[PDB]
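Working notes, beginning with the structure itself.
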Amino acid sequence: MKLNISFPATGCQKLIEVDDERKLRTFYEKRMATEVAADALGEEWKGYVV
Amino acid sequence: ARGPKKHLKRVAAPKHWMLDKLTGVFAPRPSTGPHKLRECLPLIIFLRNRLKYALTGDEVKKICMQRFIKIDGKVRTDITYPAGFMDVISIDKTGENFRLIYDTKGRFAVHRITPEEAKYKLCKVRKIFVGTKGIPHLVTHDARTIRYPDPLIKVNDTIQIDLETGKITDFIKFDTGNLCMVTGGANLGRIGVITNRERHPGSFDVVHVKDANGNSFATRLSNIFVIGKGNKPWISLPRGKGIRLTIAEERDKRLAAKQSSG
Amino acid sequence: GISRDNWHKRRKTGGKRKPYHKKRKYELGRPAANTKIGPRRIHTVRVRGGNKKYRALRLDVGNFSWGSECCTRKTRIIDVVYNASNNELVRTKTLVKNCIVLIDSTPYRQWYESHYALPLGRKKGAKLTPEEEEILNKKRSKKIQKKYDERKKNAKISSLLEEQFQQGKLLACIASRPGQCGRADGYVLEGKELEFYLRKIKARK
Amino acid sequence: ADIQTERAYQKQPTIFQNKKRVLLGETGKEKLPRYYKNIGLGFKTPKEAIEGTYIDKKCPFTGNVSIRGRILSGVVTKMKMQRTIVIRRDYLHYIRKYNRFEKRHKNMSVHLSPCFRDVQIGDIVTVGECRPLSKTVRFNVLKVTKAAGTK
RNA sequence: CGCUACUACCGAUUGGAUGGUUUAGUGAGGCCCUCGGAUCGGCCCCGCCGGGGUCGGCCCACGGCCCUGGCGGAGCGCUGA
RNA sequence: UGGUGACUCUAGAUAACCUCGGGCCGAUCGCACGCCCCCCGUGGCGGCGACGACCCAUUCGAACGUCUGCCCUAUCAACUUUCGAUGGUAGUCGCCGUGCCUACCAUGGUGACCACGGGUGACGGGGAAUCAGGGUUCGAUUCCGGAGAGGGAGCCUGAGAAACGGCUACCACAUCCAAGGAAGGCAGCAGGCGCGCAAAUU
RNA sequence: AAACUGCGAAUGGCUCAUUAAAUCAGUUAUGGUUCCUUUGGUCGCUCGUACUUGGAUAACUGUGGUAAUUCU
Ligand SMILES: [Mg+2]
Ligand SMILES: [Mg+2]
Ligand SMILES: [Mg+2]
Ligand SMILES: [Mg+2]
Ligand SMILES: [Mg+2]
Ligand SMILES: [Mg+2]
Ligand SMILES: [Mg+2]
Ligand SMILES: [Mg+2]
Ligand SMILES: [Mg+2]
Ligand SMILES: [Mg+2]
Ligand SMILES: [Mg+2]
Ligand SMILES: [Mg+2]
Ligand SMILES: [Mg+2]
Ligand SMILES: [Mg+2]
Ligand SMILES: [Mg+2]
Ligand SMILES: [Mg+2]
Ligand SMILES: [Mg+2]
Ligand SMILES: [Mg+2]
Ligand SMILES: [Mg+2]
Ligand SMILES: [Mg+2]
Ligand SMILES: [Mg+2]
Ligand SMILES: [Mg+2]
Ligand SMILES: [Mg+2]
Ligand SMILES: [Mg+2]
Ligand SMILES: [Mg+2]
Ligand SMILES: [Mg+2]
Ligand SMILES: [Mg+2]
Ligand SMILES: [Mg+2]
Ligand SMILES: [Mg+2]
Ligand SMILES: [Mg+2]
Ligand SMILES: [Mg+2]
Ligand SMILES: [Mg+2]
Ligand SMILES: [Mg+2]
């Protein structure tokens with residue numbers, strides 16, 4: 001499972017490869033355009049919304 | 001077919017263009033315009049085959065894109081433009097004027113005219129109808145629509161149009177004793193005086209014409225174009241005055257010309 | 001799809017013919033526009049040549065003309081009562097050409113009372129509202145009263161139309177095709193035709 | 001009464017019969033003005049069409065049709081359909097090889113207006129061409145002339 | 001009548017075969033109608049940043065009335081697709 | 001008012017309507033640039049074209065109709081009408097006229113002058129071979145019409161297509177695949193297989 | 001250059017399977033229809049921010065998925 005994350009204010013894209021079920025649990029059973037809290041990705045993403 | 005056709009086979013072209021068979025497979029299909037496809041002369045045919053100014057179709061385009069040719073006083077760059085009966089062609093570069101008039105053989109002839117004569121043309125009234133607000137409208141043989149015509153002008157009459165302004169100067173009524181030319185059928189290209197008109201309700205009318213030499217013939221009403229009032233035409237006539245000769249007297253004239261040559 | 005050609009039909013002698021070409025675009029047909037009564041709903045159809053056909057699916061108003069009085073007014077459509085072609089159309093309340101419908105009478109009554117200045121459609125109880133009283137009993141000068149009195153000479157309506165006005169609904173016939181132009185226009189029934197359709201409606205029940 | 005035999009009201013579309021009038025003019029006569037036209041080509045309108053009360057939208061004189069095309073002739077053979085009859089046209093076809101002819105016939109279904117009555121089997125009829133009125137009908141009866149045995 | 005060969009006919013019977021029809025029962029897909037509403041906007045309610053006028057206590061401070069550019073949150077409020 | 005052999009034609013008048021899936025009534029581009037005013041401006045005016053557009057007329061057509069005309073076959077003599085066959089009335093649909101379709105009605109329509117059915121090594125003509133005068137046979141084939149794109153069917157766009165060097169399915173074949181999928185139509189020019197007595201350069 | 005927009009791609013070329021009043025030929029009709037384009041005519045004929053109004057999308061710059069396509 002890869003994640004292509006885009007920051008529009010800076011307009012920067014980054015592809016991150018994640019091998020962890022816990023990090024992907026919060027994104028399961030979600031439809032498009034929904035807002036999620038990306039805290040499970042790690043300690044860097046505290047307060048980020050995706 | 002599923003729509004309009006865009007080509008014309010050379011052998012299927014009108015025979016008054018006098019095209020040869022071995023030059024190519026196709027012939028210039030006339031563009032849509034004032035005159036019918038079977039009753040017009042394309043600009044390229046007149047420009048390279050009649051006048052010998054150009055040798056190929058490319059040179060006709062090179063001439064036309066210099067805006068040298070004018071038809072009825074307006075510059076046309078289309079090389080397949082349909083030019084028809086009683087049209088005026090002007091070339092200011094060489095100072096030449098021509099009028100498309102049928103000869104006694106039923107072919108358009110290279111007929112040079114005075115630049116003073118090139119300022120007007122004759123048209124045949126095809127339709128008269130009253131439009132919105134009670135305004136009369138007159139439609140000619142070359143798709144010209146004129147508003148507020150003279151109340152005395154009816155169908156099958158002739159009107160003189162000034163090419164610069166496109167307005168009627170005078171007119172000739174369709175009556176016996178006037179001068180007419182045949183524009184279609186077996187008697188195409190003949191000039192004469194109307195003798196009588198036969199009316200057939202629900203069908204075509206038949207009109208009898210007699211030429212200067214006394215030869216009589218008949219045509220349909222749609223094939224007659226009134227040229228002048230009485231015996232005086234309002235336009236210049238080609239080399240032949242509209243009298244059709246028989247084969248025997250054409251041979252006699254040719255032999256007499258050969259004997260006097262040399 | 002739906003084809004309205006002629007080569008699928010038997011010959012005059014009765015023998016069948018083998019077709020020589022398949023279905024063509026210009027021979028097509030389209031499903032019928034069953035126009036009902038309700039809030040307006042119209043769909044446009046792109047037809048041959050790039051033109052439009054207005055396919056009315058629901059209509060509730062239309063302009064009808066009182067021919068004898070030459071009074072054309074826009075009135076709502078209430079119900080469908082008779083249909084010459086088929087009685088199933090009446091049951092489903094389908095608006096087609098030449099169908100007999102019921103329309104409101106109020107605008108015609110207003111025009112009649114404003115023109116002739118006579119009561120119409122009023123009960124015998126003579127109950128009134130001041131607006132109607134000043135419409136009918138307004139103070140006019142000698143010249144205007146002279147014209148109104150002269151108009152009162154020709155103010156006379158048949159008993160059938162008067163009874164319909166008392167009922168509040170008039171019988172009308174639709175002359176336009178709702179499925180083709182998108183509007184339901186017609187004329188108010190009167191005269192021998194009104195008697196004919198009244199007899200037909202009564203006999204149907 | 002006799003005219004009104006269909007589920008729909010039979011009316012002449014171009015005549016307005018609901019024009020109101022004073023009570024004095026109503027007592028006189030309830031005579032609807034008749035609509036008729038001259039079809040041209042020298043054919044005269046039968047008096048029964050002008051004075052009649054029938055309703056026929058396909059009648060050449062009181063209906064909405066136009067006569068243009070060919071004018072043909074035939075002999076009446078069958079009168080069993082409603083307002084339309086079947087006539088027979090006889091001719092000879094030439095065979096080049098034998099320099100002779102053979103007898104041939106055609107059948108035409110034509111529309112007969114109510115203005116023409118007392119039409120019997122075996123009399124001559126002159127018909128004119130119009131727009132297709134039905135699947136097989138393209139001609140309308142213009143004139144009727146009786147047989148040689150008329151007394 | 002007894003020899004020698006060929007073609008064409010019948011006719012125990014059922015095979016390898018295809019092709020053409022139709023009775024009934026299903027029936028892809030497009031099109032039309034009646035629903036449906038993932039989602040995307042615009043208008044109102046607040047809040048703080050910014051520019052034009054004016055009004056008020058007025059002296060380079062701060063509110064009122066409108067507009068105006070952005071940003072954040074509500075209302076199953078309204079509306080359009 | 002004007003016109004036709006013939007209008008329910010064109011034009012005129014009156015009362016209204018005028019579709020949100022909405023008719024028009026210019027928020028477009030180029031080249032030369034100049035005359036005028038109590039003026040220096042919100043400056044006013046102006047020449048040729050290009051593009052676009054509601055509606056008439058014209059041109060190129062297309063589509064439905066009228067009359068006459070086609071090869072053998074009776075070991076094909078009655079056919080059509082339940083599921084439209086013939087006609088009437090009112091509607092629907094269609095770009096329009098019409099059983100084109102629907103509802104209610106009448107019993108009609110065709111046929112030894114050959115209907116109906118069957119066969120055709122049948123696309124139709126302009127034409128070709130042979131021929132004293134008659135006639136017999138051929139016409140797939142460069143021109144004019146028709147039909148088709150492996151067989152059917154249904155559509156989008158567009159002025160115009162039931163289009164196939166467009167799409168969507170079924171039927172028959174058939175290509176790549178990492179087995180999850182993706183992509184097909186030479187009766188266009190060459191060329192290849194097969195078929196055959198029988199026909200050319202990738 | 002690329003891309004958006006406009007037009008054409010319904011012409012041409014090939015073949016003769018179907019098709020026997022069907023196709024087709026001559027002769028008439030559309031007063032019973034539609035018509036890109038060309039040509040001509042109308043285009044202050046309506047009495048009710050304008051010194052020019054609004055939001056997006058490619059090409060481009062960057063991040064990617066599939067064994068595979070003129071996929072996105
Ligand atoms: Mg072609
Ligand atoms: Mg051309
Ligand atoms: Mg076919
Ligand atoms: Mg002979
Ligand atoms: Mg379905
Ligand atoms: Mg009028
Ligand atoms: Mg009808
Ligand atoms: Mg009928
Ligand atoms: Mg043959
Ligand atoms: Mg064949
Ligand atoms: Mg011979
Ligand atoms: Mg011989
Ligand atoms: Mg041939
Ligand atoms: Mg042939
Ligand atoms: Mg063959
Ligand atoms: Mg095709
Ligand atoms: Mg093919
Ligand atoms: Mg093949
Ligand atoms: Mg296929
Ligand atoms: Mg187009
Ligand atoms: Mg196809
Ligand atoms: Mg191909
Ligand atoms: Mg093709
Ligand atoms: Mg090949
Ligand atoms: Mg290939
Ligand atoms: Mg050979
Ligand atoms: Mg070989
Ligand atoms: Mg493009
Ligand atoms: Mg196109
Ligand atoms: Mg070739
Ligand atoms: Mg023909
Ligand atoms: Mg039509
Ligand atoms: Mg046009």
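Naming convention: chains lettered A, B, ... in sequence-line order (proteins, then strands); numbering from 1 in each chain.
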Which part of the nucleic acid does [X] contact within heavy-atom distance under 4.0 Å: base, sugar-phosphate only, or nothing?
X      : result
B:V11  : sugar-phosphate
C:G29  : sugar-phosphate
B:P34  : sugar-phosphate
C:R177 : base
B:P136 : nothing
C:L28  : base
D:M79  : nothing
C:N51  : sugar-phosphate
B:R10  : nothing
D:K103 : base
C:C181 : base
B:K74  : sugar-phosphate
D:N64  : base
C:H21  : sugar-phosphate

Is [X] near enough to [N] that one of its side-chain N or O atoms lies under 4.0 angstrom from OP1 or OP2?
X      : N       : result
C:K23  : F:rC155 : no
C:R40  : F:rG21  : no
A:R31  : E:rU39  : yes
B:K5   : G:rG12  : yes
D:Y91  : F:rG69  : yes
C:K16  : F:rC116 : no
C:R30  : F:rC95  : yes
C:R48  : F:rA161 : yes
A:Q13  : G:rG64  : no
B:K36  : F:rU58  : no
D:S134 : F:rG87  : yes
C:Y20  : F:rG146 : no
B:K6   : G:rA9   : yes
D:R138 : F:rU66  : yes

Hey, can you pull the donor-acceptor pairs under 3.5 Å for the side chains in residues 11-18 of chain C, sequence neighbours left out?
from	atom 1	to	atom 2	distance (Å)
C:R11	NH1	C:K16	O	3.4
C:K12	NZ	D:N107	O	3.4
C:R17	NH1	C:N6	O	3.3
C:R17	NH1	C:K9	O	2.5

Which nucleotide sits closest to the side chain of [X]: [options]?
X      : options                  : result
D:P132 : F:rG65, F:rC101, F:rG148 : F:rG65
C:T44  : F:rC164, F:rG22, F:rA57  : F:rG22
D:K80  : F:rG87, F:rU59, F:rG109  : F:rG109
C:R10  : G:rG32, F:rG23, F:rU80   : F:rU80

Whole-Å [atom1] distance, [N] and [M]:
N       : M       : atom1 : answer
F:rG154 : F:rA161 : P     : 16 Å
G:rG12  : F:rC155 : P     : 27 Å
F:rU202 : F:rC164 : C1'   : 26 Å
F:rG84  : F:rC105 : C1'   : 14 Å
G:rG13  : F:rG188 : P     : 13 Å
F:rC114 : F:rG152 : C1'   : 37 Å

- Nearest-nucleotide 5' precedence on RNA chain F, B:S31 against D:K37: D:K37
- Residue closer to the 5' end of RNA chain F, C:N6 versus B:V155 (nearest nucleotide): B:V155
Which one is paired to [N], where only Watson-Crick or G-U wobble pairs with both distances under 3.5 angstrom count?
N       : result
F:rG12  : none
G:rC4   : none
E:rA8   : none
E:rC71  : E:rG47
F:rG127 : F:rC138
F:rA62  : G:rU33
E:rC65  : E:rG53
F:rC101 : F:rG91

- Return the set of residues passing salt bridge (charged side-chain N to carboxylate O under 4.0 Å, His left out) with B:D205 (not counting sequence neighbours), or none when no residue passes. B:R197
Taking donor-acceptor contacts at under 3.5 Å, does the side chain of [X] reach the base of [N]?
X      : N       : value
B:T145 : F:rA57  : no
C:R11  : F:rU110 : no
C:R4   : F:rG97  : no

- Task: May I ask you to classify the sugar pucker of F:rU28 as north or south from its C1'-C2'-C3'-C4' sign?
- Result: north
- Note on the structure: Sugar pucker at F:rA149, from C1'-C2'-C3'-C4' (positive north, negative south), flagged south
- Item | Whether F:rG148 stacks with F:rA149 under 5.5 Å centre spacing and 30° plane angle | yes
- Residues from residues 60-69 of chain C lying under 4.0 Å of RNA chain F - heavy atoms: C:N63
- Item | C:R4/C:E27 salt bridge by N-O under 4.0 Å criterion | no
- Message: What I want to find out is whether B:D142 reaches B:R144 closely enough, with some N-O distance under 4.0 Å, to be called a salt bridge.
- Response: yes
- Query: Can you tell which of D:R104, D:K103, D:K106 makes a side-chain hydrogen bond (donor to acceptor under 3.5 Å, both in side chains) with D:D90?
  - Reply: D:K103
- Item | Option from C:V96, C:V101, C:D185, C:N98 for which side-chain contact (heavy atoms from CB on, under 4.5 Å) with C:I174 holds | C:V101
- Item | Geometric cation-pi criterion D:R7 and C:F196, 6.0 Å radius, 45° cone | no
- Item | Paired, G:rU15 vs F:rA147, Watson-Crick or G-U, distances below 3.5 Å | yes
